[PDB]
Amino acid sequence: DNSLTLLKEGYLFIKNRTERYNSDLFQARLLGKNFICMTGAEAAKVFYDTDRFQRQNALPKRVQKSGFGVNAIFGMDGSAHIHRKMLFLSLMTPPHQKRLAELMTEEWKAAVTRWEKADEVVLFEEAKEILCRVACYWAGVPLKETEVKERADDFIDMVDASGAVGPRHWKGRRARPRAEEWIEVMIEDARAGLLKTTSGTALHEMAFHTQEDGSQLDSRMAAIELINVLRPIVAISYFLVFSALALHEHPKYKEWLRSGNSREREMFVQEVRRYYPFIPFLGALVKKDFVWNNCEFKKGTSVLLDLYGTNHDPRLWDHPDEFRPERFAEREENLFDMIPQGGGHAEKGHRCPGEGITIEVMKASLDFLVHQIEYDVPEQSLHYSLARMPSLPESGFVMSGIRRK
Ligand code: HEM
Ligand SMILES: CCCCCC/C=C/CCCCCCCC(=O)O
């Protein structure tokens with residue numbers, strides 16, 4: 001069993017061994033089960049063949065009880081999944097993307113009044129609080145100023161628990177019930193008319209969604225799925241720190257971004273999402289027997305898809321281990337060579353419905369760091385570990401000497 005070794009190698013567990021064996025897939029005993037791990041753009045296409053792979057019963061329970069909730073969309077298949085997947089997608093169109101980005105820009109500009117007056121600032125902690133406040137307000141979720149940091153911290157505890165053992169895991173195990181109870185009482189009050197809601201906002205839509213059979217969701221399940229909107233928005237803080245880390249370690253692109261328009265911002269945001277580690281792998285079950293790449297996939301066998309490795313596959317990317325935003329200058333867009341938030345199509349599979357929100361928030365945030373403030377990056381540990389899942393520059397990225405422009 002290599003579950004310990006998985007934990008020790010993190011984002012490199014699959015890549016190391018495909019490189020070693022010179023095969024795009026190998027067999028391994030993980031999580032007590034039998035696994036096929038696989039990597040590469042063609043592997044991803046097989047992984048998103050929804051007649052060969054299912055998600056029901058693929059998500060480990062420890063991950064359900066901390067990061068994501070029990071029996072949510074991640075584990076649904078078939079038309080039941082497509083039905084609920086459209087709910088999420090209705091809340092993440094370009095309209096909502098523009099709105100979340102505008103709100104973030106509004107919050108960054110106000111932050112300047114406080115940041116100028118402070119000595120240092122930890123970008124990760126600022127990001128968490130601003131995203132939580134923005135996510136709740138865009139969602140219609142009441143959020144008192146005094147609970148903002150506490151609710152954002154519970155969201156990050158959930159994110160940071162899925163890939164952990166021991167104390168780091170327990171934080172997520174205790175945050176998830178706090179958050180589900182909070183949101184569930186909102187859902188109940190919304191259904192009673194005791195809390196004002198607004199058609200088209202996330203809280204309202206989750207509270208009143210109807211399934212195929214026309215029932216509403218359990219208040220707890222509505223709470224769970226609303227939390228699967230608020231939590232990932234707060235988790236964008238990881239990407240926003242990696243964005244600033246990129247500018248610092250590759251400052252040649254700061255003037256490249258300054259004098260360029262959104263073309264350069266778009267490319268930069270993409271290379272951040274490609275180059276830096278976030279989601280290591282995805283799980284699924286072979287739902288019926290098949291053969292691919294001279295290997296037999298027996299039914300009920302668990303399979304991992306290597307997201308990190310595919311994003312650094314030299315077959316798909318030139319100098320993949322180097323950070324080069326210029327690789328996106330009017331480049332063919334495939335759906336399986338870059339999969340940091342999944343591959344395929346989001347309405348025909350499990351690909352992330354909030355990719356657009358993730359990118360526009362990143363663009364607005366990047367625009368704020370480049371055009372709106374000057375700052376120093378003082379002596380600090382900027383190391384991020386490929387063994388910590390998720391990963392983050394150790395210090396949270398400290399900024400000092402912040403000044404308006
Ligand atoms: C911030 C960084 C983010 C990363 C790294 C990320 C990554 C992912 C990945 C890898 C998946 C699963 C792909 C699959 O199962 O095939 C996923 C699914 C999902 N994401 Fe994200 N995502 C992010 C942001 C967001 C945001 C901002 C939202 C909402 C506003 C969101 C909502 C969801 C939902 C609801 C699912 C479940 C999709 C399904 O099972 O059909 N995510 N994400
Ligand atoms: C077989 C083990 C699989 C472990 C990972 C399963 C799924 C991971 C990605 C889910 C992303 C959901 C949206 C973003 C929210 C977040 O990152 O917390």
# chains A, B, ... in the order shown; residues from 1 in each chain; ligands from 1
$ residues_near_ligand --ligand "ligand 2" --cutoff "6 Å" --atoms "only C-alpha atoms and all ligand atoms" --output "JSON, numbers by chain"
{"A": [59, 159, 232, 235, 279, 282, 283]}
$ write_last_selection --atoms "N, CA, C and O atoms" --output "PDB file, in the first residue's frame"
ATOM      1  N   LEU A  59     -16.094   9.247  -4.173  1.00  0.00           N
ATOM      2  CA  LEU A  59     -15.510  10.264  -3.319  1.00  0.00           C
ATOM      3  C   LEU A  59     -15.312   9.703  -1.915  1.00  0.00           C
ATOM      4  O   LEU A  59     -16.298   9.358  -1.256  1.00  0.00           O
ATOM      5  N   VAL A 159     -11.449  23.296   3.043  1.00  0.00           N
ATOM      6  CA  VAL A 159     -10.601  23.116   1.864  1.00  0.00           C
ATOM      7  C   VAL A 159      -9.317  22.393   2.230  1.00  0.00           C
ATOM      8  O   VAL A 159      -8.863  21.484   1.525  1.00  0.00           O
ATOM      9  N   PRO A 232     -15.856  27.367  -2.483  1.00  0.00           N
ATOM     10  CA  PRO A 232     -14.878  27.494  -3.575  1.00  0.00           C
ATOM     11  C   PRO A 232     -14.536  28.936  -3.918  1.00  0.00           C
ATOM     12  O   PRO A 232     -13.374  29.213  -4.244  1.00  0.00           O
ATOM     13  N   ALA A 235     -11.933  29.825  -1.774  1.00  0.00           N
ATOM     14  CA  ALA A 235     -10.710  29.099  -2.105  1.00  0.00           C
ATOM     15  C   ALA A 235      -9.932  29.719  -3.265  1.00  0.00           C
ATOM     16  O   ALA A 235      -8.787  29.308  -3.504  1.00  0.00           O
ATOM     17  N   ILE A 279      -5.442  21.324  -7.377  1.00  0.00           N
ATOM     18  CA  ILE A 279      -6.117  20.029  -7.294  1.00  0.00           C
ATOM     19  C   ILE A 279      -5.193  18.973  -7.886  1.00  0.00           C
ATOM     20  O   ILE A 279      -4.877  19.044  -9.081  1.00  0.00           O
ATOM     21  N   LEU A 282      -8.345  13.431  -9.683  1.00  0.00           N
ATOM     22  CA  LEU A 282      -9.771  13.184  -9.538  1.00  0.00           C
ATOM     23  C   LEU A 282     -10.018  11.683  -9.465  1.00  0.00           C
ATOM     24  O   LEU A 282      -9.260  10.891 -10.031  1.00  0.00           O
ATOM     25  N   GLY A 283     -11.079  11.290  -8.763  1.00  0.00           N
ATOM     26  CA  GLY A 283     -11.435   9.889  -8.608  1.00  0.00           C
ATOM     27  C   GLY A 283     -12.678   9.520  -9.398  1.00  0.00           C
ATOM     28  O   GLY A 283     -13.562  10.351  -9.604  1.00  0.00           O
TER      29      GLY A 283
END
$ select_by_dssp --residues "range 61-239 of chain A" --states "helix (DSSP H, G or I)" --output "PyMOL selection string"
chain A and resi 61-68+73-75+78-90+94-115+123-139+145-159+167-192+202-208+219-239
$ closest_atom_pairs --of "chain A" --to "ligand 1" --cutoff "6 Å" --atoms "only C-alpha atoms and all ligand atoms" --output "JSON lines"
{"residue": "A:73", "atom": "CA", "partner": "ligand 1", "partner_atom_place_in_ligand_line": "40 (O)", "distance": 4.8}
{"residue": "A:74", "atom": "CA", "partner": "ligand 1", "partner_atom_place_in_ligand_line": "40 (O)", "distance": 3.8}
{"residue": "A:85", "atom": "CA", "partner": "ligand 1", "partner_atom_place_in_ligand_line": "41 (O)", "distance": 5.3}
{"residue": "A:228", "atom": "CA", "partner": "ligand 1", "partner_atom_place_in_ligand_line": "35 (C)", "distance": 5.5}
{"residue": "A:229", "atom": "CA", "partner": "ligand 1", "partner_atom_place_in_ligand_line": "29 (C)", "distance": 4.6}
{"residue": "A:232", "atom": "CA", "partner": "ligand 1", "partner_atom_place_in_ligand_line": "26 (C)", "distance": 4.4}
{"residue": "A:233", "atom": "CA", "partner": "ligand 1", "partner_atom_place_in_ligand_line": "27 (C)", "distance": 4.1}
{"residue": "A:235", "atom": "CA", "partner": "ligand 1", "partner_atom_place_in_ligand_line": "1 (C)", "distance": 4.8}
{"residue": "A:236", "atom": "CA", "partner": "ligand 1", "partner_atom_place_in_ligand_line": "1 (C)", "distance": 3.6}
{"residue": "A:278", "atom": "CA", "partner": "ligand 1", "partner_atom_place_in_ligand_line": "5 (C)", "distance": 5.4}
{"residue": "A:279", "atom": "CA", "partner": "ligand 1", "partner_atom_place_in_ligand_line": "5 (C)", "distance": 5.6}
{"residue": "A:341", "atom": "CA", "partner": "ligand 1", "partner_atom_place_in_ligand_line": "7 (C)", "distance": 3.6}
{"residue": "A:342", "atom": "CA", "partner": "ligand 1", "partner_atom_place_in_ligand_line": "13 (C)", "distance": 4.2}
{"residue": "A:350", "atom": "CA", "partner": "ligand 1", "partner_atom_place_in_ligand_line": "41 (O)", "distance": 3.5}
{"residue": "A:351", "atom": "CA", "partner": "ligand 1", "partner_atom_place_in_ligand_line": "13 (C)", "distance": 4.2}
{"residue": "A:352", "atom": "CA", "partner": "ligand 1", "partner_atom_place_in_ligand_line": "18 (C)", "distance": 3.7}
{"residue": "A:353", "atom": "CA", "partner": "ligand 1", "partner_atom_place_in_ligand_line": "33 (C)", "distance": 5.3}
{"residue": "A:354", "atom": "CA", "partner": "ligand 1", "partner_atom_place_in_ligand_line": "28 (C)", "distance": 3.8}
{"residue": "A:355", "atom": "CA", "partner": "ligand 1", "partner_atom_place_in_ligand_line": "24 (C)", "distance": 6.0}
{"residue": "A:357", "atom": "CA", "partner": "ligand 1", "partner_atom_place_in_ligand_line": "27 (C)", "distance": 5.5}
{"residue": "A:358", "atom": "CA", "partner": "ligand 1", "partner_atom_place_in_ligand_line": "27 (C)", "distance": 4.9}
$ write_last_selection --atoms "C-alpha atoms" --output "tab-separated table (two decimals), in the first residue's frame"
chain	number	residue	atom	x	y	z
A	73	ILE	CA	-23.19	16.89	-6.75
A	74	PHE	CA	-19.64	15.45	-6.88
A	85	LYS	CA	-25.44	20.73	-12.47
A	228	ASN	CA	-20.45	24.27	-2.49
A	229	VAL	CA	-20.85	27.81	-3.88
A	232	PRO	CA	-14.88	27.49	-3.58
A	233	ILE	CA	-15.14	31.28	-4.03
A	235	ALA	CA	-10.71	29.10	-2.10
A	236	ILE	CA	-9.80	31.44	-5.00
A	278	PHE	CA	-4.04	23.17	-6.62
A	279	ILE	CA	-6.12	20.03	-7.29
A	341	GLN	CA	-10.45	22.75	-12.86
A	342	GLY	CA	-11.32	19.67	-14.90
A	350	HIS	CA	-18.28	17.14	-13.71
A	351	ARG	CA	-16.00	19.98	-14.91
A	352	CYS	CA	-15.99	23.00	-12.58
A	353	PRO	CA	-18.93	25.37	-13.25
A	354	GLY	CA	-17.10	28.26	-11.59
A	355	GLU	CA	-14.10	28.40	-13.92
A	357	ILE	CA	-15.87	33.16	-11.95
A	358	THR	CA	-12.40	31.94	-10.94
$ closest_residue --among "A:37, A:139, A:89, A:240" --to "residue 199 in chain A" --atoms "only C-alpha atoms"
A:139
$ residues_around --residues "residue 299 in chain A" --least-positions-apart "5" --cutoff "7 Å" --atoms "only C-alpha atoms" --output "list in words"
residues 286, 287, 288 and 289 of chain A
$ closest_atom_pairs --of "range 231-336 of chain A" --to "range 111-122 of chain A" --cutoff "12 Å" --atoms "only C-alpha atoms" --output "JSON lines"
{"residue": "A:237", "atom": "CA", "partner": "A:122", "partner_atom": "CA", "distance": 11.4}
{"residue": "A:240", "atom": "CA", "partner": "A:122", "partner_atom": "CA", "distance": 11.9}
{"residue": "A:241", "atom": "CA", "partner": "A:122", "partner_atom": "CA", "distance": 9.6}
{"residue": "A:244", "atom": "CA", "partner": "A:122", "partner_atom": "CA", "distance": 11.5}
$ closest_residue --among "A:140, A:200, A:69, A:251" --to "residue 162 in chain A" --atoms "only C-alpha atoms"
A:69
$ atom_distance --atom1 "CA of residue 3 in chain A" --atom2 "CA of residue 173 in chain A"
20.3 Å
$ residues_around --residues "residue 130 in chain A" --least-positions-apart "4" --cutoff "7 Å" --atoms "only C-alpha atoms" --output "PDB file with N, CA and C atoms, in the first residue's frame"
ATOM      1  N   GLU A 107     -13.979  46.101  -3.548  1.00  0.00           N
ATOM      2  CA  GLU A 107     -13.368  45.812  -2.253  1.00  0.00           C
ATOM      3  C   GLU A 107     -11.863  46.073  -2.249  1.00  0.00           C
ATOM      4  N   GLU A 126      -6.054  38.568   3.707  1.00  0.00           N
ATOM      5  CA  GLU A 126      -6.919  39.597   3.132  1.00  0.00           C
ATOM      6  C   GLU A 126      -7.848  38.999   2.090  1.00  0.00           C
ATOM      7  N   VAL A 134     -17.653  39.068  -0.148  1.00  0.00           N
ATOM      8  CA  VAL A 134     -18.214  39.239  -1.481  1.00  0.00           C
ATOM      9  C   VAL A 134     -19.112  38.059  -1.851  1.00  0.00           C
TER      10      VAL A 134
END
$ atom_distance --atom1 "CA of residue 110 in chain A" --atom2 "CA of residue 359 in chain A"
21.5 Å
$ decode --residues "range 153-250 of chain A" --atoms "C-alpha atoms" --output "JSON list (two decimals), in the first residue's frame"
[["chain", "number", "residue", "atom", "x", "y", "z"],
["A", 153, "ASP", "CA", -11.63, 30.45, 8.39],
["A", 154, "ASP", "CA", -14.19, 27.65, 8.56],
["A", 155, "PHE", "CA", -14.33, 27.58, 4.76],
["A", 156, "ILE", "CA", -10.54, 27.31, 4.44],
["A", 157, "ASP", "CA", -10.47, 24.63, 7.18],
["A", 158, "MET", "CA", -12.77, 22.58, 4.97],
["A", 159, "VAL", "CA", -10.60, 23.12, 1.86],
["A", 160, "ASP", "CA", -7.40, 22.34, 3.74],
["A", 161, "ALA", "CA", -8.73, 19.15, 5.35],
["A", 162, "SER", "CA", -9.52, 16.88, 2.37],
["A", 163, "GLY", "CA", -5.88, 15.94, 1.77],
["A", 164, "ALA", "CA", -4.72, 15.75, 5.37],
["A", 165, "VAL", "CA", -4.47, 13.36, 8.28],
["A", 166, "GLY", "CA", -4.53, 14.08, 12.00],
["A", 167, "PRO", "CA", -5.12, 17.59, 13.38],
["A", 168, "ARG", "CA", -5.24, 19.39, 10.03],
["A", 169, "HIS", "CA", -8.04, 16.98, 9.01],
["A", 170, "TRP", "CA", -9.97, 17.44, 12.25],
["A", 171, "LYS", "CA", -10.34, 21.20, 11.72],
["A", 172, "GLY", "CA", -12.33, 20.51, 8.56],
["A", 173, "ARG", "CA", -14.34, 17.82, 10.36],
["A", 174, "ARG", "CA", -15.44, 20.42, 12.92],
["A", 175, "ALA", "CA", -15.98, 23.34, 10.54],
["A", 176, "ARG", "CA", -18.34, 21.50, 8.19],
["A", 177, "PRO", "CA", -21.15, 20.95, 10.78],
["A", 178, "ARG", "CA", -20.82, 24.56, 11.99],
["A", 179, "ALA", "CA", -21.25, 25.81, 8.43],
["A", 180, "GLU", "CA", -24.06, 23.42, 7.48],
["A", 181, "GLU", "CA", -26.15, 24.33, 10.55],
["A", 182, "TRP", "CA", -25.67, 28.06, 9.91],
["A", 183, "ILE", "CA", -26.77, 27.85, 6.27],
["A", 184, "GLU", "CA", -29.55, 25.32, 6.96],
["A", 185, "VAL", "CA", -31.36, 27.71, 9.33],
["A", 186, "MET", "CA", -31.10, 30.32, 6.57],
["A", 187, "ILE", "CA", -32.69, 27.88, 4.11],
["A", 188, "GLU", "CA", -35.49, 27.14, 6.57],
["A", 189, "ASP", "CA", -36.18, 30.82, 7.27],
["A", 190, "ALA", "CA", -36.08, 31.60, 3.53],
["A", 191, "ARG", "CA", -38.79, 28.99, 2.91],
["A", 192, "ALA", "CA", -40.84, 30.57, 5.73],
["A", 193, "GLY", "CA", -40.58, 34.14, 4.45],
["A", 194, "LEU", "CA", -38.71, 35.13, 7.64],
["A", 195, "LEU", "CA", -35.59, 36.05, 5.64],
["A", 196, "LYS", "CA", -35.63, 38.26, 2.54],
["A", 197, "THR", "CA", -34.46, 36.52, -0.63],
["A", 198, "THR", "CA", -34.10, 37.64, -4.23],
["A", 199, "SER", "CA", -34.90, 35.66, -7.35],
["A", 200, "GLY", "CA", -31.73, 34.73, -9.21],
["A", 201, "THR", "CA", -29.38, 34.84, -6.22],
["A", 202, "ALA", "CA", -27.65, 31.71, -4.94],
["A", 203, "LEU", "CA", -29.45, 31.45, -1.58],
["A", 204, "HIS", "CA", -32.83, 31.92, -3.25],
["A", 205, "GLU", "CA", -32.13, 29.42, -6.03],
["A", 206, "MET", "CA", -30.82, 26.69, -3.73],
["A", 207, "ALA", "CA", -33.73, 27.27, -1.33],
["A", 208, "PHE", "CA", -36.36, 26.84, -4.06],
["A", 209, "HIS", "CA", -34.72, 24.47, -6.58],
["A", 210, "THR", "CA", -36.90, 21.56, -7.66],
["A", 211, "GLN", "CA", -35.49, 18.18, -8.69],
["A", 212, "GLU", "CA", -36.59, 16.00, -11.61],
["A", 213, "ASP", "CA", -39.44, 14.63, -9.47],
["A", 214, "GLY", "CA", -40.36, 18.20, -8.44],
["A", 215, "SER", "CA", -39.60, 18.06, -4.72],
["A", 216, "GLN", "CA", -37.40, 20.65, -3.05],
["A", 217, "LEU", "CA", -34.08, 19.57, -1.54],
["A", 218, "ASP", "CA", -33.67, 18.66, 2.09],
["A", 219, "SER", "CA", -32.82, 21.86, 3.91],
["A", 220, "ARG", "CA", -29.49, 20.22, 4.81],
["A", 221, "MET", "CA", -28.77, 19.30, 1.16],
["A", 222, "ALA", "CA", -29.67, 22.82, 0.03],
["A", 223, "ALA", "CA", -27.28, 24.10, 2.70],
["A", 224, "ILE", "CA", -24.61, 21.68, 1.48],
["A", 225, "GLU", "CA", -24.94, 22.77, -2.13],
["A", 226, "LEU", "CA", -24.98, 26.46, -1.21],
["A", 227, "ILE", "CA", -21.77, 25.80, 0.74],
["A", 228, "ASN", "CA", -20.45, 24.27, -2.49],
["A", 229, "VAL", "CA", -20.85, 27.81, -3.88],
["A", 230, "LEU", "CA", -19.48, 29.90, -1.01],
["A", 231, "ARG", "CA", -16.49, 27.71, -0.10],
["A", 232, "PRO", "CA", -14.88, 27.49, -3.58],
["A", 233, "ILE", "CA", -15.14, 31.28, -4.03],
["A", 234, "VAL", "CA", -13.18, 31.69, -0.77],
["A", 235, "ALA", "CA", -10.71, 29.10, -2.10],
["A", 236, "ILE", "CA", -9.80, 31.44, -5.00],
["A", 237, "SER", "CA", -7.49, 33.07, -2.43],
["A", 238, "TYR", "CA", -4.99, 30.26, -3.18],
["A", 239, "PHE", "CA", -4.90, 31.30, -6.85],
["A", 240, "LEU", "CA", -4.67, 34.98, -5.98],
["A", 241, "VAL", "CA", -1.58, 34.39, -3.85],
["A", 242, "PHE", "CA", 0.03, 32.32, -6.62],
["A", 243, "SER", "CA", -0.68, 35.23, -9.01],
["A", 244, "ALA", "CA", 1.28, 37.63, -6.79],
["A", 245, "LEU", "CA", 3.98, 34.99, -6.28],
["A", 246, "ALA", "CA", 4.33, 34.81, -10.08],
["A", 247, "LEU", "CA", 4.79, 38.59, -10.44],
["A", 248, "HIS", "CA", 7.46, 38.60, -7.71],
["A", 249, "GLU", "CA", 9.51, 35.66, -9.01],
["A", 250, "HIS", "CA", 9.11, 36.73, -12.67]]
